[PDB]
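Here is the structure we will look at.
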Amino acid sequence: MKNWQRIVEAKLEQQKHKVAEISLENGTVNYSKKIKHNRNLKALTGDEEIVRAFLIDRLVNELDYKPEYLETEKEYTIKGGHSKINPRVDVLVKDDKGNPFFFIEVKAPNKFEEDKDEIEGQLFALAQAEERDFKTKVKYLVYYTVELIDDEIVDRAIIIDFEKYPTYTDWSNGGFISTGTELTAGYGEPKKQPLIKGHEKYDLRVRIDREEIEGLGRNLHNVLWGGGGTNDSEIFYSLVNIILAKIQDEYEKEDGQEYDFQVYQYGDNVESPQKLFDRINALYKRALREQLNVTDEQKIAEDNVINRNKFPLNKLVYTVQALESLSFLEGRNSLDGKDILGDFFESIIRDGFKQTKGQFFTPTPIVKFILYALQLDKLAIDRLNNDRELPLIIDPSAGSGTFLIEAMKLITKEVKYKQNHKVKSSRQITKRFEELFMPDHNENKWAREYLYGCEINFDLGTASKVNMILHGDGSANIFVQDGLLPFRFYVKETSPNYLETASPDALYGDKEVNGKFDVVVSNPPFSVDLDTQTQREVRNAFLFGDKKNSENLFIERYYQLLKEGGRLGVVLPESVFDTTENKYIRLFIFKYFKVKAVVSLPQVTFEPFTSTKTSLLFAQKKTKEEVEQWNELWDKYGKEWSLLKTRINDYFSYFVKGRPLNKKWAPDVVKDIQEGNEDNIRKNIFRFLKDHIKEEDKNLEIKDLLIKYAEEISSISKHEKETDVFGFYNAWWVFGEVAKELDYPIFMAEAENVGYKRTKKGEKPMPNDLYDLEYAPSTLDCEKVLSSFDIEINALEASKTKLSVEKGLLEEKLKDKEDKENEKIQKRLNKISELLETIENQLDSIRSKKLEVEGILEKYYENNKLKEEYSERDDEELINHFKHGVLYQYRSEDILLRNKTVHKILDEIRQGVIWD
Amino acid sequence: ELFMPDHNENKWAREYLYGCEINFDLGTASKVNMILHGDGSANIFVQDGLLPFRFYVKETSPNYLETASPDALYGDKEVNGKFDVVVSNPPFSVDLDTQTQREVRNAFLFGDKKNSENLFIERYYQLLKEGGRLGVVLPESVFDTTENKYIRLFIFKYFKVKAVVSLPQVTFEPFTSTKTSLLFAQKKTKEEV
Amino acid sequence: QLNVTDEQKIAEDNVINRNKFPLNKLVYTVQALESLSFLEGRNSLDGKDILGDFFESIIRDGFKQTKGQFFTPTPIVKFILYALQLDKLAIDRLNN
Amino acid sequence: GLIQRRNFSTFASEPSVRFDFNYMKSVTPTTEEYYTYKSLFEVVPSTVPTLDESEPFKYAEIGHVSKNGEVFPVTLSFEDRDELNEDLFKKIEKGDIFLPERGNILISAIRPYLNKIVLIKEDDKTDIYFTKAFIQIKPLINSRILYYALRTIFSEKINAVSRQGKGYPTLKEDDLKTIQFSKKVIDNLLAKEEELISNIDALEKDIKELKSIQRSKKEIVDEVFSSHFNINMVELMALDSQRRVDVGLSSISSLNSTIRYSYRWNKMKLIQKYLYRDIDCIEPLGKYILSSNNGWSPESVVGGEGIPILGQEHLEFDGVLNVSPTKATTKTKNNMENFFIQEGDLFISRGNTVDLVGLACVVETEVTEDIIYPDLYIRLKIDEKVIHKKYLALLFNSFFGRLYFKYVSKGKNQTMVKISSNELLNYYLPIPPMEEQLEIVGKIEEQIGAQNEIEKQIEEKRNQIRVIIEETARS
DNA sequence: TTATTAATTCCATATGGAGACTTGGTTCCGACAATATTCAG
DNA sequence: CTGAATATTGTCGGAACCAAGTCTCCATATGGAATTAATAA
Ligand SMILES: Nc1ncnc2c1ncn2[C@@H]1O[C@H](CSCC[C@H](N)C(=O)O)[C@@H](O)[C@H]1O
C-alpha cells in the first residue's frame, strides 16, 4: 500500500465529478469513451485509471475549457513485449479535435521505479507513427502524475511539445527535455521549455523517490562509456566535473534567475553545442574560484570542464540535460528517508572507475575496523555529552573521501539512532543535538565544521568533494592542494579554518604545530618519491626532511596535526616496523606517541592491486608533561653513556692494545690501573654492555672480556649518525634504559583473513578475524515485519483464489461439452488441479514458516527489540535464521560492537587498551 | 622530388603514408613520432578505423582514403581499393563503440557479429588494391577454433594466403603473453574471385 | 609542424595543464631532458620507439586490457616489412 | 588471529628497535642458559674467487638448491658463453660469487621458512661456487651437529627474525648474530656424539642409495610404450624440432571439418604420420565413446567448509586420481550427484600448459565421500570391451598422447590451451587387442608401484632422521 | 482430417577467455665506504 | 705536509617487487529442446 495510493483511492471514492464511483466499469457515466478494449477485459486496469480519473476530474473541474463530451481517437499498434499491444496512448483529452492532437501518459509515483522507457513510450516515438498513419498534427505531450503535494496536489510532470525535435532520437539527444511542468487551462503553455526558474513553475523536481537512480545509472553508463578509444577514468572525471558544475549552478543561483544547467531551446531549434559548452565551462571555471579554492587566474582560465576531443559534444548535451530534474543538493529524499544520491555515486564509482594499481582505495572493512578500534563513537558521545562539541577527524591523504564518508555515517548512525541512549538531554546538549542532527533532510550538517582532508590529485579531490556534497555536507573543507605544506596555504573562504593556524613548538624542533584536531585517520602512500624542488621546499618544516623517505613525513605531519591527547590510526606498511633503515621514525613515534595498539594485517587486503604487507598502527599523542620527562631521561642516560664510552675506550686502549699510560685520560680512568681494582672496572664494562654480557663472562680476565666482546664494543660506541634530535648518543642504549624506566603494556595482534578476497574477477566472501557482523538487527518492528509476511501471504492467496476461480469456471464446462472439446476441457482442468496441489504445497510451507518466524520473534525479539541475553548475538541459532529464508531481506549490515566477551580482534581492542 | 634533399627527405610521407588511430593521445604521440622522424603527420586520422570512408576528412589535396563505391562481388558495399601494403595489429576482442555499431550492420559482410579482430580483416579487404599485399598479426584463435570458420572461409575466398608463421608466447612477455601469428596474404583479382 | 591553421585552438590549447600537472614536476621534466638530443640522436637509438615504450611503461595493464593497447615490438615490424618484399615492391613501383 | 601483549622495554631487544608482530611472537622472558653465536659459529666474510677460464666451473643459485639441502649446480664455461646463460655470467662478472671453504654451512638469506640450509661436507671433491645470497658460518662445534640442529631444530627462531620490508622476507648477518640458541638442546646433541653421527651417516647413505635408482613417473610410461610399437625415441625428438612445413591448399580440408590451417595442426599431421608408419592397429576414438560430460567449478575458498573440489594438479602421469582435495565450496546446483567422482571414471584434463593438457587418469580409489571434479575435467564413460580405460589413460599420458594434445589444443591464450570433445572424437590412436593392452598395463603398474615404494621409504627415513634428533635433544 | 514445421521461447551444456592466481628469489638502483683528490694553510 | 673532502672507485640494502610455473571461474552462445505451427489428406 503505497503513500499516494491511499489518497488517490480516497478521491476515487470521493470524486468531485462522479466518474469513478462505479467500480469495474464506467460505460454508463460521461467522459468514458476509450474505444472499450481490443485484447482482453474492459474493467479495473491497475494504477493507470486510478490517476487518470483524477486527471479527467481536474480537466473538467478547474481546467474547464468547456465540457464537450471527451471524444477521443482509437488505439494504434505497439509491438511491446509478448504479442502486439494495442494501447490508447494512456488517457486522452478530447484529442483537441477529431485527429490526435494532445497525448497524455498517466503514471504513478511508484511507477517511476519499474520503468523509465515509458517517459516517451506512448509519446514522441509513437507520435510520429500517429502522424504517419492517421496523418495528424500531434503537438503536446504530457508525462502526467500527481504524488501527494498538499491540497493543490501539483503535478510533478514532464510535459513536452512536438515542434522542437522532428524525431525522438534527437529528443533523447536533447536529454529528456520538458516544455511544460503544470497543466494549463485555456489551451495555453509556452511553446519552448518554461526553463528551470527556481522559484515556482518547474522548481527543481526535488522528490527523488526510488529506482530512478538506477535508471539514470544504467542510462549514463550505457551511453557515456560506450566504447571507442578512452580510458574509463577520464570519462568518470568529466562526469564528476559536470556534476560539480551543476552543484555550483545550484549554489550561485537565487530566486528566479533561471538556471544555466539547461539546453535553452530557443523557440524550436536546439542549442548549438558550442554555446552550451561555453555556458557549462563558465559554470565550471567559476566553481573552481568558489569550491576548489584556487586563486591563479591563469590556471582557472586556461582549462575547461570537458576535454572536447576525448568527450564528444553530443554526450555533453545528453549528460547536462539528463542530469537535471533532480537537485544534487537537496534532491535526496529517497521517498522518505533521504540519502539517495550517495548510492547513485557509489554506483557510478563501482561501475567505471577501473581502480587499476595507481589509484586504489582502502577497503571498507579496514576503514570500519580502524574507526571502531579508535572508539570514535565513544569519543564523539563523550565530547558531545561534556564539551557540547564533536571531534575534528582529518585525513591528510584523503582520496575519495573513503575515510571521511565512513566516519560521517558512523557518527550519524551511532549518536542519533543506535546509541542515543548514551546521550543525556541536558538542555544545552539537547540544543546542540537538534542543531546538528535532528533535521533529517540535512542530517549531515554537523560535519561542515569537523571533517577535513587534503588530496593532492585534482581529479581525486574533485571526486571526493562530489561524494561529500551528494550525501549532503560542506565539502569546502577538503583541500585539493598538497597535504605536506605549511598551514597558511590551506585557506577556506568561509567558516572557521582550523587547518590554517600554526605556531612553533618548544619541545619539537622549534617547528610549526597545529594541535587542533583529535582523530587523524589516513592511509599514507606506500612509496612517494616527491621531486627535487618539492623536497627542497619541505625540508624546513620536518625534523627528518633531509632523509629521502618522504613516506615517513606523514607521521611527522600527523604529530603536527594532533592536539595533546589525540588519537591516530594509520595503515602504515611493515617497513616502518621491521626495516633497519627506518629506525629514526620508530624513535620519533616512541618519543612523541604512546603506542597503544598494532594489528598485523594479512598480505591479501590489497591483493588485486598490491601485495605489500601493512600493519595498522594506533597511538595517542603524548602531552608536554611527558615529553619533558622523556627529554630529561634522554639526557640523564646520555651523559652516562658518553662517560661510559670514554672509560671503555680508555680500558680497551690500555688493557688490550697495550698503549702506554697517559695521565690525561681521566681522573677516574687513571686511578685504578695502578691499583688494579678489577671490580670497579668490571662494573663499568658490564654496565656499558647492558645487554651483551652473560653470567659465564663474570669470571673471565679483563683483557679477555674486551677481546671477546670486540667488534661489538665499537658498534655500541657510535652516535646516531646524521641526527640533531637524538643527540650525540647511541639511541639503542639510551632507549633501552628509558623504556625500562618508562614501560607500559602495548596491545599486539594479527589477522590472517579480513573477510574478503578481491581479485581481477570480482571478490568472494572469506572468514573474518577483525570484526563480526550483526546479522540479526537490534530493533525490528514486529508489526511492520509481520505485516510484510501477511502481505506475501495474501499475495499468494490471491493466486490461490484465482486458481479456484478457474476451477469453478471449468467444473461446469465438463457437462457442457460431450467428447471433443470435453477432452481439452478435462486436460486443462487436470493441469489446473496439478497447479492446485503445487500451490497448496507452497501454502503449507508458507504457513509453517510463518509459525517458525513468529516463534523466532517471541523467543528472541521479545517486543520490537532484542533481549539482553541475545544482544551479543553470540548464539549460532539466532544468527543463521537471518542468514537464510526471507529474513535475509531485512538483515543488518552493521558491525557488532560486543562488550561482554571476546570473539574477534575488534572485541578485545574495545575491551582492552584504554584511551586516556 | 622524393629522395634527394638530405635535410628533409621524408617528403613522400605526407602523400604516400596513411594511418588511423582511435585514441587522441595515441594519435598525437604518433604524429610527434612522425615529425621526429622527418615529418609526415598529415594522414594520421584520429578517427575510428572501421568508420565509413567518407568520414575521414582531411585538409589537403590528395585524400585517397575517401573514395568508396559498392562492389559487385562483395554484396554491394563500400570498397576503397587503392592501398597496397596494408599492415596492422588489430586489437583482439575489443568492444566496439555504440555509435559505430549503427554502421557495422551495413557496409560489412559479417557485420552482425561483434568481433573486432575479425572485422578489421574485412576492412583490410576493403582497403587493399586488386593485387595489394597484406601482412597482419592475428591471434591463434583466428587460425583455430570452430567459431571462426566463416572468417577463415572469408579469407580463402577473396585473399590468396601466402604464408603464416606462429610467433612464440615470449613476444608480449610483460604485457599479455598471448600466442599470435603473422599472416601474409595477397588479394585476388576479380577475374579470380 | 602540426599545421594547425586555426588561430583560436592555439590561443586556448596548452602544453600541460598546470592544475592537473604541477609546475615543479614540469621543472623536473625539463631538467631531465635538457641535455638530451631527441633530434639527430635518433640514429644511435635505432629500433627504439621512445613514445610507444613510454606508453607501455606508464599505462597500467588494466587499462591496456579493455582496449588492445599492445604495441608490436620493433623486431617483428622490421620482419613484416621485409617478408612482404616491401623494398622490392617500392623499387618496382618507382621504376614502372 | 593471535592476541598477545608486550611491554615497551621489549622493544630494546634489537638495536633496530623493530616492533613487528612476527619478531615478537617468539620474544619472551627466558630461563634457559642460552648460548650465543660467539660460542657456536663464526660468520666468514665473502670474497670473490679468481675463477679460471679453461676449467668449466659449477655455479649454483638459491633456486638450484633444494629444500632437503641438495645442490643441482649448472656447469658453466667462459669458452661457450651464449645468450641463454648470459645472465649467469653477468652475475659472476658483477661479483655475486664466492667459493665456500670446506666444512662451512651456507644458510640462504631469502625466505628462511623453506629451510634451504646446505652443508659443505668436509670430505669429497669438486667444490662448487655459490651466490652471495647465502651466508657463510664457520662452526666451532662439530659441523654436522650444528647443521642438523639448524635444519630440524631452530627452524622457527631463524624464521622469527626475517625482515620482509615491502617485499622479500630476508635475513642479515646481524639477525644470525642475534639468535639465542639454547644450551640443553645443543649440549645434549654435542655430548651424545660418535653415535648420532654414525646413525645419521648410515641413514643418509641408505637414502642416497634409494635415490640412485629413482626414475620419473613419465620416463617409465615412455620406456614401455617405446618398447612396444618399435618407436625410435631419438628420431621422434629430432623430427619434432623441425620448424618448416610446406603443405598445399588441397590438403587443408582432409579430415578437418572446420578448416584449421594453423602451423600447429599442420605439424600435428606430420608427427602423426611419422608415428604410425609401422603400426597398423589404429581406429578413431570417436567410435568407442559414449559420453563427454564436463565438470562443475563454483567459487571455492581454499580450505573452506563445504563439498571438496579437485584441481588440475591432482592428475599425475601415473594414471590415478590423487584424491587430495584442497578447495571447498558451499554452493548447490540442484544436480550435485552428476558432478561427483566415482570409482572407475576416466577423467581427462581440459585446460593446462601445452605439455600438461590431456592428462588422463582412472580413479581406482574407493572413497565414500563426494568430491566434485571441476569443469576442467572431461569424464569419458566408454565401451569397456576394447579400450580398457587404464590403457587409454596411460596412452594419453605417454608420448602418443603428449604430442597430439600438444598440437591440437585450441586456444588464443597459450597458457590455458584447451581440448574440446571434437578432438577426442577425432583422435586416431592405436588399439591393440585386449590381451595385448593388459600386458602393458601390468608393466607400467608394477614398475611405478616399485618406484612409489621407493618414494615412500625415502620419506620415512627422512622423517626418522629428524625424529632421532628431536628425541636426542629433548631427553 | 490433423500435426509438420520453424519460429520463439528456454533450458542445461560446451566452448573459450590480448587470463590470472601461487609460489619462490631474483635483478638493479641508491647509497656508501673507500678509493681517490686537492690545494692550502 | 697534514689534511679532509670530491673527484670517484667498487660494495650493501632495500624494493608502491616480479618472473616461473601452471592452475581457473564465468560470460555467452546455442541448439536442441520446448513452443506454435500450417500441411492436405
Ligand atoms: N602529500 C601527498 N603526497 C602524496 N600523496 C598524497 C598527498 N596528499 C594526499 N595524497 C593522496 O593520497 C592517496 C594515497 S591512497 C589514499 C588512501 C586510501 N586509498 C583512501 O582512499 O582513503 C593518493 O591517491 C594521493 O593522491
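Just remember, in the C-alpha cells the first chain shown is A, the second B, etc., residues are 1-based per chain, and ligands are 1-based in the order shown.
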- [ ] Using only C-alpha atoms (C1' of nucleotides) and all ligand atoms, determine which residues fall within 8 Å of ligand 1, then list them as a ChimeraX atom specification.
- [x] /A:358-362,396-403,454-457,460,481-485,522-526,528,530,554
Which residues in stretch 133-249 of chain D does DSSP call alpha helix (DSSP H)? List them as a PDB file with N, CA and C atoms, in the first residue's frame.
```
ATOM      1  N   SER D 143      80.597 -29.630  12.787  1.00  0.00           N
ATOM      2  CA  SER D 143      79.800 -29.016  11.732  1.00  0.00           C
ATOM      3  C   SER D 143      78.471 -29.728  11.512  1.00  0.00           C
ATOM      4  N   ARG D 144      78.495 -31.062  11.494  1.00  0.00           N
ATOM      5  CA  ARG D 144      77.276 -31.823  11.237  1.00  0.00           C
ATOM      6  C   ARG D 144      76.246 -31.607  12.338  1.00  0.00           C
ATOM      7  N   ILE D 145      76.706 -31.520  13.588  1.00  0.00           N
ATOM      8  CA  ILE D 145      75.792 -31.308  14.710  1.00  0.00           C
ATOM      9  C   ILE D 145      75.057 -29.984  14.546  1.00  0.00           C
ATOM     10  N   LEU D 146      75.799 -28.924  14.216  1.00  0.00           N
ATOM     11  CA  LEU D 146      75.181 -27.619  14.005  1.00  0.00           C
ATOM     12  C   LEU D 146      74.252 -27.639  12.797  1.00  0.00           C
ATOM     13  N   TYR D 147      74.659 -28.330  11.731  1.00  0.00           N
ATOM     14  CA  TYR D 147      73.832 -28.451  10.536  1.00  0.00           C
ATOM     15  C   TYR D 147      72.469 -29.054  10.862  1.00  0.00           C
ATOM     16  N   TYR D 148      72.482 -30.196  11.552  1.00  0.00           N
ATOM     17  CA  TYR D 148      71.236 -30.877  11.882  1.00  0.00           C
ATOM     18  C   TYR D 148      70.435 -30.093  12.915  1.00  0.00           C
ATOM     19  N   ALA D 149      71.122 -29.420  13.841  1.00  0.00           N
ATOM     20  CA  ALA D 149      70.433 -28.600  14.827  1.00  0.00           C
ATOM     21  C   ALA D 149      69.815 -27.351  14.220  1.00  0.00           C
ATOM     22  N   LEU D 150      70.313 -26.888  13.076  1.00  0.00           N
ATOM     23  CA  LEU D 150      69.736 -25.743  12.382  1.00  0.00           C
ATOM     24  C   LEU D 150      68.626 -26.128  11.416  1.00  0.00           C
ATOM     25  N   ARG D 151      68.744 -27.270  10.734  1.00  0.00           N
ATOM     26  CA  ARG D 151      67.668 -27.680   9.834  1.00  0.00           C
ATOM     27  C   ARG D 151      66.421 -28.081  10.612  1.00  0.00           C
ATOM     28  N   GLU D 173      73.300 -10.849   8.504  1.00  0.00           N
ATOM     29  CA  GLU D 173      74.292 -11.416   9.412  1.00  0.00           C
ATOM     30  C   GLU D 173      74.005 -11.021  10.855  1.00  0.00           C
ATOM     31  N   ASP D 174      73.515  -9.796  11.066  1.00  0.00           N
ATOM     32  CA  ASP D 174      73.140  -9.366  12.409  1.00  0.00           C
ATOM     33  C   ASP D 174      71.994 -10.203  12.963  1.00  0.00           C
ATOM     34  N   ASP D 175      71.061 -10.617  12.103  1.00  0.00           N
ATOM     35  CA  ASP D 175      69.956 -11.452  12.564  1.00  0.00           C
ATOM     36  C   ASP D 175      70.461 -12.782  13.108  1.00  0.00           C
ATOM     37  N   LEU D 176      71.408 -13.413  12.411  1.00  0.00           N
ATOM     38  CA  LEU D 176      72.006 -14.641  12.927  1.00  0.00           C
ATOM     39  C   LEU D 176      72.800 -14.375  14.197  1.00  0.00           C
ATOM     40  N   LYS D 177      73.546 -13.269  14.235  1.00  0.00           N
ATOM     41  CA  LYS D 177      74.291 -12.910  15.437  1.00  0.00           C
ATOM     42  C   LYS D 177      73.385 -12.582  16.616  1.00  0.00           C
ATOM     43  N   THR D 178      72.094 -12.355  16.376  1.00  0.00           N
ATOM     44  CA  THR D 178      71.136 -12.061  17.431  1.00  0.00           C
ATOM     45  C   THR D 178      70.462 -13.312  17.987  1.00  0.00           C
ATOM     46  N   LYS D 184      70.815 -26.786  26.692  1.00  0.00           N
ATOM     47  CA  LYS D 184      70.491 -28.205  26.790  1.00  0.00           C
ATOM     48  C   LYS D 184      70.245 -28.821  25.421  1.00  0.00           C
ATOM     49  N   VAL D 185      69.554 -28.099  24.538  1.00  0.00           N
ATOM     50  CA  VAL D 185      69.294 -28.609  23.197  1.00  0.00           C
ATOM     51  C   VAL D 185      70.601 -28.873  22.461  1.00  0.00           C
ATOM     52  N   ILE D 186      71.570 -27.969  22.581  1.00  0.00           N
ATOM     53  CA  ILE D 186      72.821 -28.138  21.853  1.00  0.00           C
ATOM     54  C   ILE D 186      73.814 -29.033  22.597  1.00  0.00           C
ATOM     55  N   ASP D 187      73.869 -28.961  23.930  1.00  0.00           N
ATOM     56  CA  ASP D 187      74.849 -29.763  24.657  1.00  0.00           C
ATOM     57  C   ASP D 187      74.443 -31.232  24.678  1.00  0.00           C
ATOM     58  N   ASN D 188      73.135 -31.504  24.702  1.00  0.00           N
ATOM     59  CA  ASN D 188      72.665 -32.880  24.605  1.00  0.00           C
ATOM     60  C   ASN D 188      73.081 -33.504  23.281  1.00  0.00           C
ATOM     61  N   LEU D 189      72.950 -32.746  22.192  1.00  0.00           N
ATOM     62  CA  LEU D 189      73.346 -33.246  20.880  1.00  0.00           C
ATOM     63  C   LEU D 189      74.858 -33.418  20.793  1.00  0.00           C
ATOM     64  N   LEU D 190      75.610 -32.430  21.283  1.00  0.00           N
ATOM     65  CA  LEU D 190      77.065 -32.483  21.187  1.00  0.00           C
ATOM     66  C   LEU D 190      77.668 -33.595  22.035  1.00  0.00           C
ATOM     67  N   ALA D 191      77.169 -33.802  23.254  1.00  0.00           N
ATOM     68  CA  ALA D 191      77.718 -34.838  24.122  1.00  0.00           C
ATOM     69  C   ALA D 191      77.412 -36.228  23.579  1.00  0.00           C
ATOM     70  N   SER D 198      77.055 -41.591  13.430  1.00  0.00           N
ATOM     71  CA  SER D 198      77.094 -42.862  12.713  1.00  0.00           C
ATOM     72  C   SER D 198      75.711 -43.259  12.211  1.00  0.00           C
ATOM     73  N   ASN D 199      74.693 -43.147  13.070  1.00  0.00           N
ATOM     74  CA  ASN D 199      73.340 -43.500  12.651  1.00  0.00           C
ATOM     75  C   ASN D 199      72.873 -42.614  11.504  1.00  0.00           C
ATOM     76  N   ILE D 200      73.132 -41.309  11.603  1.00  0.00           N
ATOM     77  CA  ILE D 200      72.703 -40.392  10.556  1.00  0.00           C
ATOM     78  C   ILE D 200      73.478 -40.643   9.270  1.00  0.00           C
ATOM     79  N   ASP D 201      74.768 -40.975   9.372  1.00  0.00           N
ATOM     80  CA  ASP D 201      75.537 -41.289   8.173  1.00  0.00           C
ATOM     81  C   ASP D 201      74.995 -42.533   7.482  1.00  0.00           C
ATOM     82  N   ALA D 202      74.674 -43.572   8.258  1.00  0.00           N
ATOM     83  CA  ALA D 202      74.109 -44.783   7.670  1.00  0.00           C
ATOM     84  C   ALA D 202      72.767 -44.498   7.009  1.00  0.00           C
ATOM     85  N   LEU D 203      71.906 -43.736   7.682  1.00  0.00           N
ATOM     86  CA  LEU D 203      70.612 -43.407   7.101  1.00  0.00           C
ATOM     87  C   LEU D 203      70.746 -42.545   5.850  1.00  0.00           C
ATOM     88  N   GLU D 204      71.675 -41.587   5.843  1.00  0.00           N
ATOM     89  CA  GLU D 204      71.892 -40.752   4.668  1.00  0.00           C
ATOM     90  C   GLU D 204      72.440 -41.554   3.497  1.00  0.00           C
ATOM     91  N   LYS D 205      73.351 -42.498   3.748  1.00  0.00           N
ATOM     92  CA  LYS D 205      73.833 -43.318   2.641  1.00  0.00           C
ATOM     93  C   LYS D 205      72.743 -44.254   2.131  1.00  0.00           C
ATOM     94  N   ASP D 206      71.861 -44.730   3.015  1.00  0.00           N
ATOM     95  CA  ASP D 206      70.711 -45.501   2.551  1.00  0.00           C
ATOM     96  C   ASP D 206      69.794 -44.655   1.675  1.00  0.00           C
ATOM     97  N   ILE D 207      69.546 -43.406   2.080  1.00  0.00           N
ATOM     98  CA  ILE D 207      68.718 -42.507   1.278  1.00  0.00           C
ATOM     99  C   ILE D 207      69.375 -42.238  -0.070  1.00  0.00           C
ATOM    100  N   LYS D 208      70.696 -42.054  -0.076  1.00  0.00           N
ATOM    101  CA  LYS D 208      71.415 -41.840  -1.328  1.00  0.00           C
ATOM    102  C   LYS D 208      71.303 -43.055  -2.240  1.00  0.00           C
ATOM    103  N   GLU D 209      71.428 -44.258  -1.675  1.00  0.00           N
ATOM    104  CA  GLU D 209      71.269 -45.468  -2.476  1.00  0.00           C
ATOM    105  C   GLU D 209      69.862 -45.563  -3.052  1.00  0.00           C
ATOM    106  N   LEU D 210      68.850 -45.212  -2.254  1.00  0.00           N
ATOM    107  CA  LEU D 210      67.479 -45.224  -2.756  1.00  0.00           C
ATOM    108  C   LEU D 210      67.298 -44.222  -3.892  1.00  0.00           C
ATOM    109  N   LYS D 211      67.881 -43.031  -3.753  1.00  0.00           N
ATOM    110  CA  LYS D 211      67.771 -42.022  -4.802  1.00  0.00           C
ATOM    111  C   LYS D 211      68.549 -42.415  -6.050  1.00  0.00           C
ATOM    112  N   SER D 212      69.570 -43.260  -5.899  1.00  0.00           N
ATOM    113  CA  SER D 212      70.409 -43.633  -7.032  1.00  0.00           C
ATOM    114  C   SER D 212      69.635 -44.352  -8.130  1.00  0.00           C
ATOM    115  N   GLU D 219      59.085 -41.132 -17.567  1.00  0.00           N
ATOM    116  CA  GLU D 219      60.016 -41.970 -18.316  1.00  0.00           C
ATOM    117  C   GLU D 219      59.568 -43.426 -18.324  1.00  0.00           C
ATOM    118  N   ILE D 220      59.020 -43.906 -17.206  1.00  0.00           N
ATOM    119  CA  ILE D 220      58.546 -45.287 -17.140  1.00  0.00           C
ATOM    120  C   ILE D 220      57.444 -45.522 -18.163  1.00  0.00           C
ATOM    121  N   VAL D 221      56.486 -44.596 -18.248  1.00  0.00           N
ATOM    122  CA  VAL D 221      55.438 -44.705 -19.258  1.00  0.00           C
ATOM    123  C   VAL D 221      56.040 -44.627 -20.654  1.00  0.00           C
ATOM    124  N   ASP D 222      57.022 -43.742 -20.840  1.00  0.00           N
ATOM    125  CA  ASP D 222      57.672 -43.619 -22.140  1.00  0.00           C
ATOM    126  C   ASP D 222      58.466 -44.871 -22.490  1.00  0.00           C
ATOM    127  N   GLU D 223      59.144 -45.468 -21.505  1.00  0.00           N
ATOM    128  CA  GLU D 223      60.025 -46.599 -21.784  1.00  0.00           C
ATOM    129  C   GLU D 223      59.250 -47.790 -22.336  1.00  0.00           C
ATOM    130  N   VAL D 224      58.189 -48.202 -21.640  1.00  0.00           N
ATOM    131  CA  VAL D 224      57.438 -49.378 -22.067  1.00  0.00           C
ATOM    132  C   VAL D 224      56.702 -49.104 -23.372  1.00  0.00           C
ATOM    133  N   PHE D 225      56.096 -47.921 -23.498  1.00  0.00           N
ATOM    134  CA  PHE D 225      55.417 -47.582 -24.743  1.00  0.00           C
ATOM    135  C   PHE D 225      56.398 -47.480 -25.902  1.00  0.00           C
ATOM    136  N   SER D 226      57.643 -47.086 -25.626  1.00  0.00           N
ATOM    137  CA  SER D 226      58.674 -47.134 -26.656  1.00  0.00           C
ATOM    138  C   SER D 226      59.161 -48.556 -26.901  1.00  0.00           C
ATOM    139  N   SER D 227      59.120 -49.411 -25.876  1.00  0.00           N
ATOM    140  CA  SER D 227      59.494 -50.810 -26.064  1.00  0.00           C
ATOM    141  C   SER D 227      58.553 -51.493 -27.048  1.00  0.00           C
ATOM    142  N   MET D 233      62.730 -43.228 -30.204  1.00  0.00           N
ATOM    143  CA  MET D 233      62.509 -42.014 -29.427  1.00  0.00           C
ATOM    144  C   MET D 233      63.493 -40.915 -29.805  1.00  0.00           C
ATOM    145  N   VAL D 234      64.698 -41.284 -30.244  1.00  0.00           N
ATOM    146  CA  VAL D 234      65.687 -40.277 -30.618  1.00  0.00           C
ATOM    147  C   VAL D 234      65.278 -39.570 -31.905  1.00  0.00           C
ATOM    148  N   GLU D 235      64.724 -40.311 -32.868  1.00  0.00           N
ATOM    149  CA  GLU D 235      64.290 -39.698 -34.118  1.00  0.00           C
ATOM    150  C   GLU D 235      63.019 -38.879 -33.941  1.00  0.00           C
ATOM    151  N   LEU D 236      62.130 -39.304 -33.041  1.00  0.00           N
ATOM    152  CA  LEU D 236      60.910 -38.545 -32.791  1.00  0.00           C
ATOM    153  C   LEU D 236      61.225 -37.168 -32.224  1.00  0.00           C
ATOM    154  N   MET D 237      62.187 -37.089 -31.303  1.00  0.00           N
ATOM    155  CA  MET D 237      62.590 -35.801 -30.757  1.00  0.00           C
ATOM    156  C   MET D 237      63.348 -34.950 -31.766  1.00  0.00           C
ATOM    157  N   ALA D 238      63.842 -35.546 -32.850  1.00  0.00           N
ATOM    158  CA  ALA D 238      64.513 -34.792 -33.900  1.00  0.00           C
ATOM    159  C   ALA D 238      63.529 -34.225 -34.914  1.00  0.00           C
ATOM    160  N   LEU D 239      62.531 -35.016 -35.315  1.00  0.00           N
ATOM    161  CA  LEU D 239      61.508 -34.510 -36.221  1.00  0.00           C
ATOM    162  C   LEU D 239      60.642 -33.453 -35.547  1.00  0.00           C
TER     163      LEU D 239
END
```
- [ ] Select residues of chain C: the criterion is any atom within 10 Å of an atom of chain A, counting only C-alpha atoms; output as a PyMOL selection string.
- [x] chain C and resi 11-14+17-22+24-25+27-28+59-64+66-68
Grab the residues selected above and save them as an mmCIF file, in the first residue's frame with C-alpha atoms.
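result.cif, freshly written:
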```cif
data_model
loop_
_atom_site.group_PDB
_atom_site.id
_atom_site.type_symbol
_atom_site.label_atom_id
_atom_site.label_comp_id
_atom_site.auth_asym_id
_atom_site.auth_seq_id
_atom_site.Cartn_x
_atom_site.Cartn_y
_atom_site.Cartn_z
ATOM 1 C CA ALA C 11 45.147 30.508 -28.268
ATOM 2 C CA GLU C 12 43.280 28.107 -25.948
ATOM 3 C CA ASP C 13 45.435 24.961 -26.020
ATOM 4 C CA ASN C 14 48.406 24.407 -23.730
ATOM 5 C CA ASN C 17 47.529 21.525 -17.588
ATOM 6 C CA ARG C 18 49.085 23.446 -14.696
ATOM 7 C CA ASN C 19 46.260 22.229 -12.443
ATOM 8 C CA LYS C 20 46.497 18.549 -13.397
ATOM 9 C CA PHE C 21 50.293 18.692 -13.776
ATOM 10 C CA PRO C 22 52.194 20.554 -11.024
ATOM 11 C CA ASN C 24 57.560 21.858 -10.212
ATOM 12 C CA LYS C 25 57.045 18.499 -11.914
ATOM 13 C CA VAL C 27 60.590 21.881 -13.925
ATOM 14 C CA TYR C 28 61.914 18.403 -13.143
ATOM 15 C CA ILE C 59 49.913 2.970 -18.681
ATOM 16 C CA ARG C 60 48.866 0.078 -16.459
ATOM 17 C CA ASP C 61 47.990 -3.284 -17.985
ATOM 18 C CA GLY C 62 44.475 -2.905 -16.575
ATOM 19 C CA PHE C 63 43.759 -0.030 -18.950
ATOM 20 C CA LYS C 64 45.615 -1.771 -21.797
ATOM 21 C CA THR C 66 39.903 -3.433 -22.302
ATOM 22 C CA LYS C 67 41.410 -1.836 -25.405
ATOM 23 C CA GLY C 68 44.020 -3.613 -27.486
#
```
